[PDB]
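A.B. asks: Residue numbers (PDB author numbering), protein chains in the order written: chain A, 1 to 48; chain B, 1 to 48. Using N, Cα and C, we set each Cβ at its ideal position, and we do this for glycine too. The structure that follows is given in the form of structure tokens.
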């Protein structure tokens, strides 16, 4: 059911917002981290 | 169904691992960030 996927996406939407705050806080060695950090969450959202 | 919750937890388990890597990377102004970062993911896992 799409509700399950929506719930999953909703959870990740929340993770993305908090993760974004962390990413907006770290400004040094997070260029590589940002790629994996955003890529992974994006991959999870994209995959599901 | 518990499968939905398990899927949700599984997604957060994945977020926690990646988030942990970010937290293990940032070492400066993330004491406050860590509290919210871990507290939020923990809150989501705890709540669901």
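For the alpha helix (DSSP H) that contains residue 33 (chain B), what are its first and last residues?
C.D. replies: Taking the first residue of the second chain as position 1, residue 33 (chain B) is located at position 33. 31 to 47 is the extent of the alpha helix (DSSP H) around residue 33 (chain B).
A.B. asks: Following the continuous alpha helix (DSSP H) through residue 11 (chain A), name the residue where it begins and the one where it ends.
C.D. replies: Residue 11 (chain A) sits at position 11 when you count from the first residue of the first chain. Segment 2 to 23, the alpha helix (DSSP H) holding residue 11 (chain A).
A.B. asks: In angstroms, rounded to a whole number, what distance separates the CA positions of residue 118 (chain B) and residue 1 (chain A)?
C.D. replies: The shown model of chain B, from 1 to 48, leaves out residue 118 (chain B), and the question about it has no answer.
A.B. asks: So residue 25 (chain B) contacts chain A; which residues on that side make the cut at Cβ distance below 8 Å?
C.D. replies: Walking along the second chain from the start, residue 25 (chain B) turns up at place 25. The contacting residues are 26, 29, 30 and 33.
A.B. asks: Verify the contact flag: residue 21 (chain A), CB atom, against every heavy atom of the ligand MN, threshold strictly below 8 Å.
C.D. replies: As far as ligands go, the structure on display features none, and thus does not contain the ligand MN.
A.B. asks: Suppose you measure from the CA of residue 47 (chain A) to the CA of residue 38 (chain A); what does that come to, to the nearest Å?
C.D. replies: Within the first chain, residue 47 (chain A) is the residue found at index 47, counting from 1. Within the first chain, residue 38 (chain A) is the residue found at index 38, counting from 1. Residue 47 (chain A) and residue 38 (chain A): Cα-Cα distance of roughly 14 Å.
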